[PDB]
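To start, the structure itself, in structure tokens.
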Amino acid sequence: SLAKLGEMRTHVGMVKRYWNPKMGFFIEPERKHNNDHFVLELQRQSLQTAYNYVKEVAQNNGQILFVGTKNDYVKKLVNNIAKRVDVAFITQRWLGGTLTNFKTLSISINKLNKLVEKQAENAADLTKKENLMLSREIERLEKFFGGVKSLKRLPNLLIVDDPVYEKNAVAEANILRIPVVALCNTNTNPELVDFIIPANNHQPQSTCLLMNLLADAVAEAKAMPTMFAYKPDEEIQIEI
Amino acid sequence: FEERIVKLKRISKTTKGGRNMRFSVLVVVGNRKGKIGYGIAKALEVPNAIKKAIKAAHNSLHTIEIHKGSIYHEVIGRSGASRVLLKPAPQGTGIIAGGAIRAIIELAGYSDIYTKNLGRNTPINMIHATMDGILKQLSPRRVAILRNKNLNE
Amino acid sequence: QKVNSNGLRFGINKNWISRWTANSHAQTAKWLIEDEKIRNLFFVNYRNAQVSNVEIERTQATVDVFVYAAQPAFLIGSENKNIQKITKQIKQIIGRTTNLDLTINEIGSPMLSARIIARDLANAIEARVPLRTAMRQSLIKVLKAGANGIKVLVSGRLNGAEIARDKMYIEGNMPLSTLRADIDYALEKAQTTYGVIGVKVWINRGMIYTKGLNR
Amino acid sequence: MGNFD
RNA sequence: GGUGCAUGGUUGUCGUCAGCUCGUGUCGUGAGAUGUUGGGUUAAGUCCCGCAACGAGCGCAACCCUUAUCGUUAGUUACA
RNA sequence: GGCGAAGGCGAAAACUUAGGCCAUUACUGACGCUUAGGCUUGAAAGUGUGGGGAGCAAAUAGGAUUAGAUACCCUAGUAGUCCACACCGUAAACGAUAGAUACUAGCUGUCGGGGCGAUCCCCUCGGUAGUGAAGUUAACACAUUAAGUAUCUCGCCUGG
RNA sequence: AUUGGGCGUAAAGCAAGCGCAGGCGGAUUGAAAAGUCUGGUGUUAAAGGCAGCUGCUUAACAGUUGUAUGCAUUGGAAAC
């Protein structure tokens with residue numbers, strides 16, 4: 001199934017008393033640990049909303065963007081998924097003022113494209129130092145926009161791993177009326193986020209399961225081969 | 001668009017010897033139907049300042065509706081220790097307003113209204129109060145919706 | 001406090017306006033006091049021609065002045081009216097010892113020479129027209145020729161007093177510290193009833209890497 | 001929201 | 001002849017000093033700030049990491065001459 | 001940190017003794033907040049008397065410093081500094097936020113009381129802080145102890 | 001700034017306490033209606049304010065009719 005109750009083994013967990021109070025309506029009272037739990041039913045409906053809206057945007061042929069910069073776990077997952085399917089991404093920290101203006105981004109990415117295609121044209125004609133620094137600049141441009149080269153226009157849809165951790169990204173997103181979906185952990189502002197998926201990020205198992213489900217949701221809509229469609233079974237991936 | 005400026009000013013900034021001279025101008029643009037765009041911009045050159053002001057104004061466009069050339073409800077905008085009134089009045093009184101206030105009332109495409117400024121008379125604070133008064137304007141249909149009975153009463 | 005960038009880069013990538021050599025201070029003083037009068041006569045007396053330059057090439061009692069302009073017609077005139085007069089003044093100011101000869105030749109893309117652009121700007125300014133717009137279309141029409149950034153500074157009166165409001169514009173990459181960039185500079189003086197206004201312009205025609213040496 | 005189809 | 005308190009142009013000054021600005025964008029009622037802040041690294045705002053900032057313009061270095069070890073074309077009126 | 005309305009209150013012993021907190025499911029039954037006038041208390045210093053007076057130290061004396069020091073450095077040291085008797089009412093008597101009052105995210109605490117358990121530590125009721133959402137303001141910042149929402153009463157202010 | 005102002009840092013909370021009068025007052029029932037809402041009556045001189053009519057060659061101007069305000073009496077009203 002999808003978002004099965006019995007399929008999941010570790011969905012609770014959070015540092016207590018660091019949460020925004022109005023996020024308590026989507027959480028049931030704690031039993032012993034006071035580590036913020038989550039009502040799995042509303043999680044299921046939120047994931048269903050995400051699933052149907054990603055199908056809808058797939059019919060619209062909209063551009064998808066993945067945003068995540070946590071230490072290693074979701075970073076590795078997003079890198080693997082991004083090299084698996086066509087989607088914009090970023091591994092370095094979110095550049096201040098990226099979404100708010102794309103004209104400078106457009107000319108910079110055009111510069112990146114012309115330089116990389118000139119490297120492709122070049123056959124090591126340039127001397128060791130010239131192409132050495134040119135390749136260093138190419139690698140720097142890969143560090144900067146090596147994940148957002150797959151689009152020329154505004155991002156038609158974007159996921160946020162954590163708006164608190166990505167305050168700049170969600171702040172830029174609030175400026176524009178483009179649809180934005182995020183993962184409210186326990187301490188976010190619902191008015192900034194458009195579609196809400198109150199899942200957990202304090203544990204890596206929850207993050208991997210949810211990202212796998214959403215990646216399958218956004219992949220199977222495009223009729224590309226997928227990994228999980230309606231299978232209750234899942235792959236266990238414990239953090240190193 | 002009409003892009004009529006409202007307030008201009010000259011200002012300098014201090015450094016090691018001499019003062020760098022970057023004047024600033026505030027502009028308001030409308031459509032004579034309800035679209036409003038306000039923007040202040042500072043620049044070294046006058047035409048570039050106008051260009052940046054127009055960019056800001058075009059980037060801050062928003063439209064408001066009208067009721068027979070006026071706003072039906074008596075409301076006051078409060079911002080920065082400065083208040084602006086707005087009050088409906090028949091077609092026999094005409095527009096009455098201050099200069100910048102006239103620019104606002106005309107550029108939005110509005111008509112006869114009773115507006116008197118309260119508080120301080122600085123231009124930008126008063127302009128902000130004008131937009132603040134505009135924002136809390138409500139429509140009879142929507143205030144009827146929030147009522148259980150829907151008969152515009 | 002700076003210097004004219006033309007002479008700073010002069011003679012290493014660009015060539016001279018008068019190329020000649022003779023005996024040490026025996027009669028060279030005559031030529032080097034004769035030539036400048038002719039060249040500034042050409043600049044001041046012939047404005048509408050938009051002369052790019054005039055080369056003086058003298059060797060042992062001869063002169064070879066080759067003109068390079070944009071409108072040969074004005075220096076020629078209807079039925080070649082101007083040529084007889086200009087020959088008259090030049091031979092009256094060059095002497096009977098030197099032979100006379102003159103012809104007009106053009107060069108590829110002559111609109112990117114600093115001197116003619118500065119002269120055109122000064123002439124436009126002398127019309128008592130709002131200055132900023134004049135420079136605006138000037139920069140637009142010089143960048144339409146497919147070049148790099150341009151530098152300009154105008155110092156003088158602006159609607160009377162308050163001389164401390166001189167105006168200048170910087171555009172694009174305009175490196176004057178380098179030497180191999182195909183960069184030229186010019187300066188002109190305009191005279192109004194209120195004073196004298198100086199205009200100075202730096203023209204960039206693309207950096208010229210692997211140029212080698214001077215032609 | 002949800003008016004994007 | 002008088003007017004550098006009518007001007008252009010010229011020169012010295014801080015200073016052979018790395019600092020000085022703009023486009024976009026953000027925050028802020030606004031003067032404005034954010035880059036240019038911090039940390040390593042340099043003659044140095046030289047580059048790098050982080051960085052609501054991304055980039056660009058002047059200068060810094062580059063391209064000019066010389067000193068240098070040696071090779072090549074040519075050899076006198078240098079040589080011998 | 002505790003007390004009180006504060007100023008203020010710190011070796012101890014006794015006598016006297018106020019005010020203060022919680023459950024009050026025992027009692028009167030609106031008996032309530034404010035306060036013109038009026039009354040009272042109230043830092044230090046000061047006023048007069050009787051004492052005591054180690055040191056401190058107004059004033060004043062000497063020596064140093066510097067152009068010079070009735071200052072600052074030192075040596076001294078009168079009154080005063082303490083006790084009792086009466087007057088004395090200015091302090092930044094600042095939490096620069098009058099008094100009372102119901103409500104409006106919260107988090108980290110601290111302390112006292114109640115229940116109950118070995119401390120641990122749960123909440124309840126209050127005092128006491130720091131942080132902070134909404135809200136306020138011009139910002140500083142405040143922010144369940146508001147400068148928020150509003151109410152009642154006084155007292156005060158209208159450029160220097 | 002009664003309608004219609006403020007008193008943390010621009011000027012303003014008395015150093016604080018007790019407290020008469022006065023100001024404001026918890027829920028419900030009965031009585032009456034002083035205030036208040038409000039029918040009616042008389043008054044609120046004329047002129048003049050606003051509206052209308054007539055006389056002015058338009059016009060100020062004159063005359064003309066109503067219009068308002070508060071007061072006392074009286075009849076309901078019982079929410080406060």
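None of the figures in this text is laboratory data; all of them are computed from the coordinates on show. Note: ideal-geometry Cβ built from the backbone for every residue, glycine included; neighbour counts use all protein chains shown.
Tell me which DSSP H helices of chain B clear both cut-offs, 15 Å or more of axial length from alpha-carbon atoms and a mean Kyte-Doolittle hydropathy of at least 0.5.
Those that clear 15 Å and a mean of 0.5 are B:123-135.
What whole number of Å gives the distance from the Cα centroid of the range B:1-77 to the Cα centroid of the range A:110-153?
42 Å
With contacts defined as alpha carbon pairs under 8 Å and 6 or more residues apart, what's the relative contact order of the range C:94-215 in percent?
Result for the range C:94-215 is 28 percent.
Can you give the local net charge around B:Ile124? Use residues other than it whose beta-carbon is closer than 13 angstrom to its beta-carbon, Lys and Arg +1, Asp and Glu -1.
+3
Which percent, nearest 5, of DSSP beta bridges in the protein assembly as shown are antiparallel?
If we restrict to bridges inside the protein assembly as shown, about 75 percent are antiparallel.
Straight-line reach only, C-alpha to C-alpha below 17 angstrom: list the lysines that A:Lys114 could link to, leaving out same-chain residues fewer than 8 apart.
Hits, sequence-local ones excluded: A:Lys103, A:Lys143, A:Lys149, A:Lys152.
Only Cα pairs under 8 Å and at least 6 apart count here; give the relative contact order of chain C as a rounded whole percent.
Averaging sequence separation for qualifying contacts and normalising by length gives 20 percent for chain C.
Return the whole-Å distance between the Cα centroid of the range C:90-135 and the Cα centroid of the range A:177-228.
Using only Cα atoms, the two centres lie 70 Å from each other.
Can you give the convex hull volume of the alpha carbon atoms of the range A:130-240 per residue, in Å³?
182 Å³
Kindly count the pairs of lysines across the range C:30-167 whose alpha carbons are less than 24 Å apart, treating pairs on different chains or eight or more residues apart as eligible.
12
Considering only DSSP beta bridges where both residues belong to chain B, give the percentage that are antiparallel (nearest 5).
Counting DSSP beta bridges with both partners in chain B, the antiparallel share is about 95 percent.
Can you tell me, using C-alpha contacts under 8 Å and at least 6 residues apart, the relative contact order of chain B as a whole percent?
Over chain B, the number comes to 20 percent.
Restricting to DSSP H runs of at least four residues, report the calculated mean residue ellipticity at 222 nm for the protein assembly as shown, -39500 (n - 2.57) per run over all residues, nearest 500 deg cm²/dmol.
That comes out to -10500 deg cm²/dmol.
Considering all projection directions equally, how large on average is the shadow of the alpha-carbon convex hull of chain B, in square nanometres?
11.1 nm²
Give the residue list of trypsin sites (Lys or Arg not before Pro) in the range C:1-100 that are DSSP loop and have at most 15 other beta-carbon atoms within 10 angstrom.
C:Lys2, C:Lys14, C:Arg19, C:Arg47, C:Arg96
Based on alpha-carbon centroids, what's the gap between the range A:39-93 and the range C:66-82 in Å, whole number please?
So the separation of the two Cα centres works out to 73 Å.
Considering every Cα-Cα pair within chain C, what fraction, in whole percent, is farther apart than 29 Å?
Tail of P(r) above 29 Å: 36 percent of Cα pairs.
Kindly write out, for the range C:87-104 in residue order, the coupling ³J(HN,Hα) from the Karplus curve 6.51 cos²θ - 1.76 cosθ + 1.60 (θ = phi - 60°), rounded to whole Hz, with x marking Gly and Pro.
Per-residue couplings from phi come out as 4, 4, 5, 5, 6, 6, 10, 10, x, 7, 5, 9, 6, 10, 6, 7, 8, 10 Hz.
In straight Cα distance, which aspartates and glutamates are under 16 Å from A:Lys16, not counting same-chain residues fewer than 8 positions off?
Within the straight-line limit of under 16 Å, A:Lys16 reaches these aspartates and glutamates: A:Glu28, A:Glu30, A:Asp36.
Counting only other residues whose beta carbon sits under 14 Å from that of C:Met111, what net charge do I get with K and R as +1, D and E as -1?
After counting each charged neighbour, the total is +2.
Rank the residues C:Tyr169, A:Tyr73 as a footprinting-exposure proxy: fewest other Cβ atoms within 10 Å of their Cβ go first.
C:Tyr169, A:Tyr73
May I ask for the longest run of chain B untouched by chymotrypsin sites (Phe, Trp or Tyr not before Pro) that are loop-located per DSSP and have at most 16 neighbouring C-beta atoms (other than their own) within 10 Å?
Answer from the scan: B:73-153.
Enumerate by residue number the chymotrypsin sites (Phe, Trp or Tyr not before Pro) in the range A:185-236 meeting two conditions: DSSP loop (anything except H, G, I, E, B), and at most 13 other Cβ atoms within 10 Å of the site's Cβ.
Counting only loop positions with at most 13 other Cβ atoms within 10 Å, the chymotrypsin sites (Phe, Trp or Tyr not before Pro) in the range A:185-236 are A:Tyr230.
If exposed means no more than 15 neighbouring beta carbons inside 10 Å and the site is in a DSSP loop, what's the longest run of chain B without any exposed trypsin sites (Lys or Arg not before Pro)?
After excluding every exposed loop site, the longest remaining stretch is B:69-115.
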